[PDB]
file structure_36.cif (mmCIF, C-alpha atoms and all ligand atoms)
data_my_file
#
loop_
_atom_site.group_PDB
_atom_site.id
_atom_site.type_symbol
_atom_site.label_atom_id
_atom_site.label_comp_id
_atom_site.auth_asym_id
_atom_site.auth_seq_id
_atom_site.Cartn_x
_atom_site.Cartn_y
_atom_site.Cartn_z
ATOM 1 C CA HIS A 4 -21.172 -6.446 64.101
ATOM 2 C CA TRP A 5 -23.538 -5.187 66.790
ATOM 3 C CA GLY A 6 -25.279 -7.592 69.120
ATOM 4 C CA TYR A 7 -26.209 -8.187 72.734
ATOM 5 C CA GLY A 8 -22.964 -9.544 74.168
ATOM 6 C CA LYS A 9 -20.562 -7.847 76.545
ATOM 7 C CA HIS A 10 -18.304 -6.929 73.606
ATOM 8 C CA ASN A 11 -20.913 -5.663 71.112
ATOM 9 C CA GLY A 12 -24.023 -4.910 73.165
ATOM 10 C CA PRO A 13 -25.998 -1.796 74.088
ATOM 11 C CA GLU A 14 -23.026 -0.043 75.780
ATOM 12 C CA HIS A 15 -21.039 -0.237 72.540
ATOM 13 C CA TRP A 16 -23.684 0.722 69.961
ATOM 14 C CA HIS A 17 -23.051 4.493 70.146
ATOM 15 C CA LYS A 18 -19.609 4.114 68.559
ATOM 16 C CA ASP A 19 -21.098 3.051 65.216
ATOM 17 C CA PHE A 20 -24.576 4.553 65.739
ATOM 18 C CA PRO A 21 -24.090 7.847 67.602
ATOM 19 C CA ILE A 22 -27.859 8.494 67.656
ATOM 20 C CA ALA A 23 -27.818 5.915 70.462
ATOM 21 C CA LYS A 24 -27.349 9.009 72.660
ATOM 22 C CA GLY A 25 -30.105 10.946 70.862
ATOM 23 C CA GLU A 26 -33.081 12.904 72.146
ATOM 24 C CA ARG A 27 -35.830 10.306 71.527
ATOM 25 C CA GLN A 28 -34.331 6.868 72.152
ATOM 26 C CA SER A 29 -36.281 3.729 73.057
ATOM 27 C CA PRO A 30 -37.181 1.822 75.098
ATOM 28 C CA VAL A 31 -38.113 3.815 78.215
ATOM 29 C CA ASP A 32 -39.565 3.149 81.619
ATOM 30 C CA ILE A 33 -43.269 3.958 81.713
ATOM 31 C CA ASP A 34 -43.898 5.712 85.035
ATOM 32 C CA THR A 35 -47.641 5.143 85.244
ATOM 33 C CA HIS A 36 -48.176 7.816 87.884
ATOM 34 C CA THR A 37 -46.736 10.585 85.719
ATOM 35 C CA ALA A 38 -48.099 9.499 82.362
ATOM 36 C CA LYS A 39 -51.138 11.710 81.854
ATOM 37 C CA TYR A 40 -54.501 10.616 80.484
ATOM 38 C CA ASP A 41 -55.137 12.372 77.165
ATOM 39 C CA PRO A 42 -58.872 12.499 76.318
ATOM 40 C CA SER A 43 -58.001 13.588 72.775
ATOM 41 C CA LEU A 44 -56.401 10.195 72.038
ATOM 42 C CA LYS A 45 -58.568 7.974 69.881
ATOM 43 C CA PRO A 46 -59.150 4.244 70.250
ATOM 44 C CA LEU A 47 -56.617 2.165 68.377
ATOM 45 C CA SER A 48 -57.890 0.624 65.117
ATOM 46 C CA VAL A 49 -56.174 -2.714 64.470
ATOM 47 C CA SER A 50 -57.306 -4.186 61.118
ATOM 48 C CA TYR A 51 -55.511 -7.515 60.697
ATOM 49 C CA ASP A 52 -58.252 -9.713 59.201
ATOM 50 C CA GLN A 53 -56.643 -9.591 55.714
ATOM 51 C CA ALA A 54 -53.072 -10.081 56.940
ATOM 52 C CA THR A 55 -50.837 -12.222 54.719
ATOM 53 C CA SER A 56 -47.924 -13.659 56.649
ATOM 54 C CA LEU A 57 -45.129 -15.011 54.465
ATOM 55 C CA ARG A 58 -42.044 -16.244 56.267
ATOM 56 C CA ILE A 59 -40.242 -16.530 59.603
ATOM 57 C CA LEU A 60 -36.532 -15.595 59.723
ATOM 58 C CA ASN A 61 -33.789 -15.911 62.370
ATOM 59 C CA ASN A 62 -31.790 -12.749 61.668
ATOM 60 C CA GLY A 63 -29.158 -13.349 64.345
ATOM 61 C CA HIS A 64 -30.820 -10.918 66.775
ATOM 62 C CA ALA A 65 -34.398 -12.220 67.042
ATOM 63 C CA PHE A 66 -36.859 -14.024 64.828
ATOM 64 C CA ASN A 67 -39.091 -12.000 62.505
ATOM 65 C CA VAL A 68 -42.464 -13.019 61.079
ATOM 66 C CA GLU A 69 -42.792 -11.123 57.808
ATOM 67 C CA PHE A 70 -45.935 -9.973 56.022
ATOM 68 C CA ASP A 71 -46.966 -8.839 52.561
ATOM 69 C CA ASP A 72 -46.965 -5.024 52.861
ATOM 70 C CA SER A 73 -47.544 -4.224 49.157
ATOM 71 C CA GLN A 74 -51.224 -3.382 49.863
ATOM 72 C CA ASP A 75 -53.264 -2.274 52.894
ATOM 73 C CA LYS A 76 -53.789 -5.856 54.083
ATOM 74 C CA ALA A 77 -52.963 -5.413 57.779
ATOM 75 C CA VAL A 78 -53.019 -1.878 59.078
ATOM 76 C CA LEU A 79 -52.913 0.168 62.226
ATOM 77 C CA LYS A 80 -54.856 3.438 62.366
ATOM 78 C CA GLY A 81 -56.330 5.693 65.004
ATOM 79 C CA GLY A 82 -54.864 5.977 68.449
ATOM 80 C CA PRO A 83 -52.284 8.797 68.337
ATOM 81 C CA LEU A 84 -51.708 8.323 64.618
ATOM 82 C CA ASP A 85 -52.811 10.616 61.832
ATOM 83 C CA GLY A 86 -52.036 8.169 59.038
ATOM 84 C CA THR A 87 -52.440 4.573 57.953
ATOM 85 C CA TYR A 88 -49.576 2.277 58.930
ATOM 86 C CA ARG A 89 -49.007 -1.113 57.278
ATOM 87 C CA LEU A 90 -47.749 -4.155 59.167
ATOM 88 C CA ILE A 91 -44.409 -5.359 57.789
ATOM 89 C CA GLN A 92 -43.138 -7.728 60.514
ATOM 90 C CA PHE A 93 -43.333 -8.736 64.122
ATOM 91 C CA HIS A 94 -40.639 -10.021 66.461
ATOM 92 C CA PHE A 95 -39.958 -10.439 70.176
ATOM 93 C CA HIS A 96 -37.317 -9.580 72.751
ATOM 94 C CA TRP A 97 -36.888 -11.910 75.720
ATOM 95 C CA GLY A 98 -34.726 -12.862 78.666
ATOM 96 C CA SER A 99 -32.623 -15.730 79.934
ATOM 97 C CA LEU A 100 -34.912 -15.793 83.017
ATOM 98 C CA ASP A 101 -38.640 -15.139 83.413
ATOM 99 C CA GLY A 102 -37.888 -11.985 85.464
ATOM 100 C CA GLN A 103 -36.361 -10.048 82.555
ATOM 101 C CA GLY A 104 -36.682 -9.693 78.822
ATOM 102 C CA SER A 105 -38.921 -6.742 78.055
ATOM 103 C CA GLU A 106 -37.503 -3.539 76.625
ATOM 104 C CA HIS A 107 -40.086 -1.156 78.008
ATOM 105 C CA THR A 108 -40.691 -1.394 81.733
ATOM 106 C CA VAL A 109 -43.747 -0.334 83.740
ATOM 107 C CA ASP A 110 -42.935 1.353 87.038
ATOM 108 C CA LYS A 111 -39.517 -0.300 86.650
ATOM 109 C CA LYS A 112 -41.095 -3.778 86.324
ATOM 110 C CA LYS A 113 -39.666 -6.041 83.637
ATOM 111 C CA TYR A 114 -41.798 -8.570 81.809
ATOM 112 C CA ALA A 115 -40.510 -11.897 80.486
ATOM 113 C CA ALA A 116 -40.696 -10.731 76.879
ATOM 114 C CA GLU A 117 -42.065 -8.026 74.610
ATOM 115 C CA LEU A 118 -43.743 -8.364 71.205
ATOM 116 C CA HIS A 119 -43.198 -5.636 68.602
ATOM 117 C CA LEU A 120 -45.601 -5.349 65.647
ATOM 118 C CA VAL A 121 -43.797 -3.026 63.228
ATOM 119 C CA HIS A 122 -45.767 -0.793 60.864
ATOM 120 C CA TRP A 123 -44.790 1.910 58.366
ATOM 121 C CA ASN A 124 -46.649 5.071 57.325
ATOM 122 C CA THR A 125 -48.086 4.520 53.867
ATOM 123 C CA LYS A 127 -47.635 8.144 52.851
ATOM 124 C CA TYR A 128 -43.913 7.350 52.460
ATOM 125 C CA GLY A 129 -44.491 4.547 49.965
ATOM 126 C CA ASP A 130 -42.046 1.917 51.305
ATOM 127 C CA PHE A 131 -40.445 0.953 54.623
ATOM 128 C CA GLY A 132 -37.048 2.212 53.449
ATOM 129 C CA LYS A 133 -38.371 5.712 52.844
ATOM 130 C CA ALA A 134 -40.409 5.614 56.046
ATOM 131 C CA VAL A 135 -37.254 5.097 58.153
ATOM 132 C CA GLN A 136 -35.995 8.450 56.845
ATOM 133 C CA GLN A 137 -38.894 10.250 58.564
ATOM 134 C CA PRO A 138 -39.709 11.202 62.168
ATOM 135 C CA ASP A 139 -43.261 9.824 61.759
ATOM 136 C CA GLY A 140 -42.315 6.918 59.514
ATOM 137 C CA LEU A 141 -43.082 4.027 61.865
ATOM 138 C CA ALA A 142 -45.590 2.906 64.478
ATOM 139 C CA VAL A 143 -44.622 -0.028 66.689
ATOM 140 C CA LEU A 144 -47.299 -1.737 68.756
ATOM 141 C CA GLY A 145 -45.620 -3.199 71.838
ATOM 142 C CA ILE A 146 -47.215 -5.949 73.924
ATOM 143 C CA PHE A 147 -45.771 -7.351 77.144
ATOM 144 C CA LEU A 148 -45.566 -11.094 77.815
ATOM 145 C CA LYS A 149 -45.903 -12.497 81.312
ATOM 146 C CA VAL A 150 -45.436 -16.152 82.177
ATOM 147 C CA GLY A 151 -48.610 -17.954 83.229
ATOM 148 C CA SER A 152 -51.127 -19.761 81.053
ATOM 149 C CA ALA A 153 -50.254 -20.563 77.451
ATOM 150 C CA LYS A 154 -51.187 -18.202 74.624
ATOM 151 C CA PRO A 155 -52.889 -20.444 72.041
ATOM 152 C CA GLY A 156 -52.284 -18.014 69.172
ATOM 153 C CA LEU A 157 -48.538 -18.111 69.852
ATOM 154 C CA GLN A 158 -48.149 -21.870 69.570
ATOM 155 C CA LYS A 159 -47.735 -21.983 65.772
ATOM 156 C CA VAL A 160 -44.756 -19.645 66.200
ATOM 157 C CA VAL A 161 -43.262 -21.797 68.960
ATOM 158 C CA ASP A 162 -43.555 -24.961 66.930
ATOM 159 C CA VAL A 163 -41.653 -23.657 63.891
ATOM 160 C CA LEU A 164 -38.638 -22.446 65.871
ATOM 161 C CA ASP A 165 -36.794 -25.784 65.546
ATOM 162 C CA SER A 166 -36.550 -25.115 61.808
ATOM 163 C CA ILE A 167 -34.902 -21.679 62.184
ATOM 164 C CA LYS A 168 -32.435 -22.422 64.984
ATOM 165 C CA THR A 169 -29.507 -20.445 63.586
ATOM 166 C CA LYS A 170 -28.829 -17.072 62.006
ATOM 167 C CA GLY A 171 -29.879 -16.870 58.370
ATOM 168 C CA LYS A 172 -32.413 -19.708 58.478
ATOM 169 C CA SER A 173 -35.980 -19.064 57.363
ATOM 170 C CA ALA A 174 -39.150 -21.087 56.863
ATOM 171 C CA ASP A 175 -42.530 -20.670 55.248
ATOM 172 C CA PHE A 176 -44.974 -19.100 57.632
ATOM 173 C CA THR A 177 -48.128 -18.449 55.655
ATOM 174 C CA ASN A 178 -51.651 -18.199 57.039
ATOM 175 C CA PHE A 179 -50.664 -16.974 60.501
ATOM 176 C CA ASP A 180 -53.269 -14.727 62.153
ATOM 177 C CA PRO A 181 -51.567 -12.044 64.314
ATOM 178 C CA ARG A 182 -54.907 -11.246 65.974
ATOM 179 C CA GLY A 183 -54.184 -14.261 68.169
ATOM 180 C CA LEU A 184 -51.288 -12.388 69.819
ATOM 181 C CA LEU A 185 -53.355 -9.495 71.187
ATOM 182 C CA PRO A 186 -54.749 -9.072 74.720
ATOM 183 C CA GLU A 187 -58.434 -8.260 75.283
ATOM 184 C CA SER A 188 -57.995 -4.533 75.866
ATOM 185 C CA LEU A 189 -56.481 -2.037 73.439
ATOM 186 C CA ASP A 190 -55.821 0.586 76.124
ATOM 187 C CA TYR A 191 -52.340 1.999 75.595
ATOM 188 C CA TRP A 192 -49.540 4.391 76.418
ATOM 189 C CA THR A 193 -47.832 6.340 73.653
ATOM 190 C CA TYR A 194 -44.688 8.418 73.214
ATOM 191 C CA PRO A 195 -42.225 9.375 70.428
ATOM 192 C CA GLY A 196 -39.126 7.180 70.229
ATOM 193 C CA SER A 197 -36.778 5.103 68.150
ATOM 194 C CA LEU A 198 -35.885 1.683 66.895
ATOM 195 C CA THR A 199 -34.507 -0.285 69.839
ATOM 196 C CA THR A 200 -31.765 -1.926 67.762
ATOM 197 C CA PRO A 201 -29.158 -0.413 65.451
ATOM 198 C CA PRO A 202 -29.541 1.742 63.434
ATOM 199 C CA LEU A 203 -31.606 3.221 66.349
ATOM 200 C CA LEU A 204 -33.423 5.605 64.004
ATOM 201 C CA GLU A 205 -35.822 8.092 65.587
ATOM 202 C CA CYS A 206 -38.877 7.273 63.452
ATOM 203 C CA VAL A 207 -41.256 5.565 65.842
ATOM 204 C CA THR A 208 -44.569 6.438 67.414
ATOM 205 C CA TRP A 209 -44.589 3.862 70.201
ATOM 206 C CA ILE A 210 -47.932 2.407 71.245
ATOM 207 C CA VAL A 211 -47.529 0.108 74.256
ATOM 208 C CA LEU A 212 -50.564 -1.856 75.412
ATOM 209 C CA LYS A 213 -51.480 -1.716 79.087
ATOM 210 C CA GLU A 214 -52.635 -5.355 79.244
ATOM 211 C CA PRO A 215 -49.908 -8.016 78.919
ATOM 212 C CA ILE A 216 -50.582 -11.346 77.266
ATOM 213 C CA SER A 217 -49.832 -14.497 79.231
ATOM 214 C CA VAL A 218 -47.635 -17.196 77.675
ATOM 215 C CA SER A 219 -46.588 -20.449 79.262
ATOM 216 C CA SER A 220 -43.167 -21.209 80.689
ATOM 217 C CA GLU A 221 -42.727 -23.810 77.913
ATOM 218 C CA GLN A 222 -43.483 -21.290 75.169
ATOM 219 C CA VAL A 223 -40.829 -18.821 76.309
ATOM 220 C CA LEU A 224 -38.397 -21.669 77.069
ATOM 221 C CA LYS A 225 -38.484 -22.576 73.377
ATOM 222 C CA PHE A 226 -37.574 -18.992 72.390
ATOM 223 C CA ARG A 227 -34.445 -19.433 74.520
ATOM 224 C CA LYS A 228 -33.316 -22.476 72.487
ATOM 225 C CA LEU A 229 -32.726 -20.351 69.390
ATOM 226 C CA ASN A 230 -29.150 -19.365 68.519
ATOM 227 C CA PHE A 231 -27.560 -16.001 67.750
ATOM 228 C CA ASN A 232 -24.843 -17.765 65.730
ATOM 229 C CA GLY A 233 -24.956 -19.283 62.291
ATOM 230 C CA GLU A 234 -24.866 -23.011 61.612
ATOM 231 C CA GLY A 235 -21.405 -24.480 62.135
ATOM 232 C CA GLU A 236 -20.336 -21.695 64.507
ATOM 233 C CA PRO A 237 -20.059 -21.973 68.300
ATOM 234 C CA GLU A 238 -23.496 -22.129 69.881
ATOM 235 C CA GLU A 239 -24.663 -18.942 71.615
ATOM 236 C CA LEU A 240 -28.193 -19.116 72.970
ATOM 237 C CA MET A 241 -30.487 -16.317 71.796
ATOM 238 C CA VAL A 242 -31.411 -14.855 75.180
ATOM 239 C CA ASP A 243 -31.344 -11.347 76.653
ATOM 240 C CA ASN A 244 -31.817 -9.661 73.275
ATOM 241 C CA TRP A 245 -33.263 -6.514 74.875
ATOM 242 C CA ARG A 246 -32.003 -2.967 75.172
ATOM 243 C CA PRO A 247 -32.428 -1.416 78.659
ATOM 244 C CA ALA A 248 -34.538 1.650 79.293
ATOM 245 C CA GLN A 249 -33.062 4.882 77.972
ATOM 246 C CA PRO A 250 -33.293 8.457 79.283
ATOM 247 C CA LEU A 251 -36.731 9.967 78.796
ATOM 248 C CA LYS A 252 -35.268 13.443 78.144
ATOM 249 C CA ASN A 253 -38.514 15.183 79.123
ATOM 250 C CA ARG A 254 -40.736 13.360 76.640
ATOM 251 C CA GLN A 255 -44.022 12.865 77.857
ATOM 252 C CA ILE A 256 -45.898 9.578 77.851
ATOM 253 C CA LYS A 257 -49.648 9.800 77.315
ATOM 254 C CA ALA A 258 -52.269 7.296 78.440
ATOM 255 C CA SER A 259 -55.395 6.469 76.433
ATOM 256 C CA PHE A 260 -57.239 5.399 79.575
ATOM 257 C CA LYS A 261 -58.014 6.591 83.074
HETATM 258 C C1 LIG B 301 -33.641 -0.085 58.420
HETATM 259 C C2 LIG B 301 -34.160 -0.513 59.756
HETATM 260 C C3 LIG B 301 -33.981 -2.006 60.013
HETATM 261 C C4 LIG B 301 -34.293 -2.402 61.444
HETATM 262 O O1 LIG B 301 -35.714 -2.362 61.650
HETATM 263 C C5 LIG B 301 -36.181 -2.431 62.936
HETATM 264 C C6 LIG B 301 -37.554 -2.388 63.087
HETATM 265 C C7 LIG B 301 -38.111 -2.401 64.354
HETATM 266 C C8 LIG B 301 -37.283 -2.448 65.465
HETATM 267 S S1 LIG B 301 -37.993 -2.329 67.081
HETATM 268 N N1 LIG B 301 -37.207 -3.343 68.016
HETATM 269 O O2 LIG B 301 -37.751 -0.990 67.535
HETATM 270 O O3 LIG B 301 -39.352 -2.748 66.943
HETATM 271 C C9 LIG B 301 -35.904 -2.519 65.312
HETATM 272 C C10 LIG B 301 -35.354 -2.521 64.042
HETATM 273 NA NA NA B 302 -46.204 13.100 82.042
HETATM 274 NA NA NA B 303 -48.867 -6.904 45.848
HETATM 275 ZN ZN ZN B 304 -38.232 -4.834 68.753
#
call {"tool": "encode", "arguments": {"input": "structure_36.cif", "output": "structure tokens"}}
result
Amino acid sequence: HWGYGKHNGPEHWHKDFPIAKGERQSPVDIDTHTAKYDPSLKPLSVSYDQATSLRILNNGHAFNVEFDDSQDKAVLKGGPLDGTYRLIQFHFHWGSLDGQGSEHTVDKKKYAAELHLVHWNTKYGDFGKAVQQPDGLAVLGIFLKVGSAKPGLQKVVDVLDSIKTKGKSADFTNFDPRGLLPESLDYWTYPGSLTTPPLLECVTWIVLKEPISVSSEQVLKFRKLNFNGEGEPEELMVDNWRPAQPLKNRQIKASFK
């Protein structure tokens, strides 16, 4: 019964998920001054040309675009990774207002939203086994700022009317996630966790330096989704972000000077 409300939100999660107070929780604030450039970091290899999107689902917390992960169709390699990580889904976190919504912050600045492309380490065979491992997942995080529209996001925006409430899904084949990326692949990286329950500490976080710009209308339509199921009282799906958590002496590395 976790969520983002006053009664079941981030302050409450530790009671059912005590790792919420763990040693490598996410998100964090990225202090750019103290993140150190690491010349041993490799460029990120994003290979999405064979991606097979399947479906979009309102899960009561966000909406997820799911992919076929039964072969190496859409993979993340390189960067800080030492393995091949398959794309399973992407989703966003966003605010009720343009001035909040991201999970990670940059020098304490919040963005309007944050995109998470979730990948699992193929040496563990399936996502379920990967989330039992400290290097099971790699999440590529991309900030959204409000400005000009993002053309590659519009197909997502225009299906949202058909998944308004929790438990609704719709076909979402032939979506190209390359249209959600910024120009640069420069990144920060650190070891962390899932940002929602069960808060498992599996994730190599890779957060891109360059935000994407989306229009006010695009993010406005995210905010018309509902946390509730059909026939229940309407609760707008807004402010589905966890605040920054203690760094606990982790270090954040930068791929760029
Ligand atoms: C068994 C795990 C199910 C939940 O999976 C997830 C996957 C990714 C995230 S995030 N927001 O850290 O990208 C949160 C939950
Ligand atoms: Na540092
Ligand atoms: Na297959
Ligand atoms: Zn997320």
call {"tool": "atom_distance", "arguments": {"input": "structure_36.cif", "atom1": "atom CA of residue 130 of chain A", "atom2": "atom CA of residue 76 of chain A"}}
result
14.4 Å
call {"tool": "closest_residue", "arguments": {"input": "structure_36.cif", "among": "A:123, A:147, A:245, A:5", "to": "ligand ZN 304 (chain B)", "atoms": "only C-alpha atoms and all ligand atoms"}}
result
A:245
call {"tool": "closest_residue", "arguments": {"input": "structure_36.cif", "among": "A:94, A:58, A:17, A:80", "to": "residue 120 of chain A", "atoms": "all atoms listed in the file"}}
result
A:94
call {"tool": "resolve_selection", "arguments": {"input": "structure_36.cif", "expression": "the PyMOL selection byres (((not hetatm)) within 8 of (chain B and resi 301))", "output": "list in words"}}
result
residues 29, 93, 94, 95, 96, 119, 120, 121, 131, 132, 135, 143, 145, 197, 198, 199, 200, 201, 202, 203, 204 and 207 of chain A
call {"tool": "closest_atom_pairs", "arguments": {"input": "structure_36.cif", "of": "chain A", "to": "ligand NA 302 (chain B)", "cutoff": "12 Å", "atoms": "only C-alpha atoms and all ligand atoms", "output": "CSV"}}
result
residue,atom,partner,partner_atom,distance
A:32,CA,B:NA302,NA,12.0
A:33,CA,B:NA302,NA,9.6
A:34,CA,B:NA302,NA,8.3
A:35,CA,B:NA302,NA,8.7
A:36,CA,B:NA302,NA,8.1
A:37,CA,B:NA302,NA,4.5
A:38,CA,B:NA302,NA,4.1
A:39,CA,B:NA302,NA,5.1
A:40,CA,B:NA302,NA,8.8
A:41,CA,B:NA302,NA,10.2
A:192,CA,B:NA302,NA,10.9
A:193,CA,B:NA302,NA,10.9
A:194,CA,B:NA302,NA,10.1
A:251,CA,B:NA302,NA,10.5
A:252,CA,B:NA302,NA,11.6
A:253,CA,B:NA302,NA,8.5
A:254,CA,B:NA302,NA,7.7
A:255,CA,B:NA302,NA,4.7
A:256,CA,B:NA302,NA,5.5
A:257,CA,B:NA302,NA,6.7
A:258,CA,B:NA302,NA,9.1
call {"tool": "write_last_selection", "arguments": {"input": "structure_36.cif", "atoms": "C-alpha atoms", "output": "tab-separated table (two decimals), in the frame of the given file"}}
result
chain	number	residue	atom	x	y	z
A	32	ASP	CA	-39.56	3.15	81.62
A	33	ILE	CA	-43.27	3.96	81.71
A	34	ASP	CA	-43.90	5.71	85.04
A	35	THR	CA	-47.64	5.14	85.24
A	36	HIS	CA	-48.18	7.82	87.88
A	37	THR	CA	-46.74	10.58	85.72
A	38	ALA	CA	-48.10	9.50	82.36
A	39	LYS	CA	-51.14	11.71	81.85
A	40	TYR	CA	-54.50	10.62	80.48
A	41	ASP	CA	-55.14	12.37	77.17
A	192	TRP	CA	-49.54	4.39	76.42
A	193	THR	CA	-47.83	6.34	73.65
A	194	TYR	CA	-44.69	8.42	73.21
A	251	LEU	CA	-36.73	9.97	78.80
A	252	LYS	CA	-35.27	13.44	78.14
A	253	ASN	CA	-38.51	15.18	79.12
A	254	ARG	CA	-40.74	13.36	76.64
A	255	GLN	CA	-44.02	12.86	77.86
A	256	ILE	CA	-45.90	9.58	77.85
A	257	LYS	CA	-49.65	9.80	77.32
A	258	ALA	CA	-52.27	7.30	78.44
call {"tool": "resolve_selection", "arguments": {"input": "structure_36.cif", "expression": "the PyMOL selection byres (((chain A and resi 221) around 10) and not hetatm)", "output": "list in words"}}
result
residues 150, 151, 152, 153, 161, 218, 219, 220, 222, 223, 224, 225, 226 and 227 of chain A
call {"tool": "residues_around", "arguments": {"input": "structure_36.cif", "residues": "residue 170 of chain A", "least_positions_apart": "6", "cutoff": "8 Å", "atoms": "all atoms listed in the file", "output": "JSON, numbers by chain"}}
result
{"A": [61, 62, 63, 230, 231, 232, 233, 234]}
call {"tool": "resolve_selection", "arguments": {"input": "structure_36.cif", "expression": "the PyMOL selection byres (((chain A and resi 114) around 8) and not hetatm)", "output": "short mmCIF file (atom, residue, chain, number, x, y, z; two decimals) with C-alpha atoms, keeping the file's coordinate frame"}}
result
data_model
loop_
_atom_site.label_atom_id
_atom_site.label_comp_id
_atom_site.auth_asym_id
_atom_site.auth_seq_id
_atom_site.Cartn_x
_atom_site.Cartn_y
_atom_site.Cartn_z
CA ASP A 101 -38.64 -15.14 83.41
CA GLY A 102 -37.89 -11.98 85.46
CA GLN A 103 -36.36 -10.05 82.56
CA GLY A 104 -36.68 -9.69 78.82
CA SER A 105 -38.92 -6.74 78.06
CA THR A 108 -40.69 -1.39 81.73
CA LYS A 112 -41.10 -3.78 86.32
CA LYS A 113 -39.67 -6.04 83.64
CA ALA A 115 -40.51 -11.90 80.49
CA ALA A 116 -40.70 -10.73 76.88
CA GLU A 117 -42.06 -8.03 74.61
CA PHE A 147 -45.77 -7.35 77.14
CA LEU A 148 -45.57 -11.09 77.82
CA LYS A 149 -45.90 -12.50 81.31
#
call {"tool": "closest_atom_pairs", "arguments": {"input": "structure_36.cif", "of": "chain A", "to": "ligand NA 303 (chain B)", "cutoff": "10 Å", "atoms": "all atoms listed in the file", "output": "tab-separated table"}}
result
residue	atom	partner	partner_atom	distance
A:71	CA	B:NA303	NA	7.2
A:72	CA	B:NA303	NA	7.5
A:73	CA	B:NA303	NA	4.5
A:74	CA	B:NA303	NA	5.8
A:75	CA	B:NA303	NA	9.5
A:76	CA	B:NA303	NA	9.7
call {"tool": "atom_distance", "arguments": {"input": "structure_36.cif", "atom1": "atom CA of residue 42 of chain A", "atom2": "atom CA of residue 85 of chain A"}}
result
15.8 Å
call {"tool": "closest_residue", "arguments": {"input": "structure_36.cif", "among": "A:191, A:176, A:20, A:66", "to": "ligand ZN 304 (chain B)", "atoms": "only C-alpha atoms and all ligand atoms"}}
result
A:66
call {"tool": "atom_distance", "arguments": {"input": "structure_36.cif", "atom1": "atom CA of residue 246 of chain A", "atom2": "atom CA of residue 167 of chain A"}}
result
23.0 Å
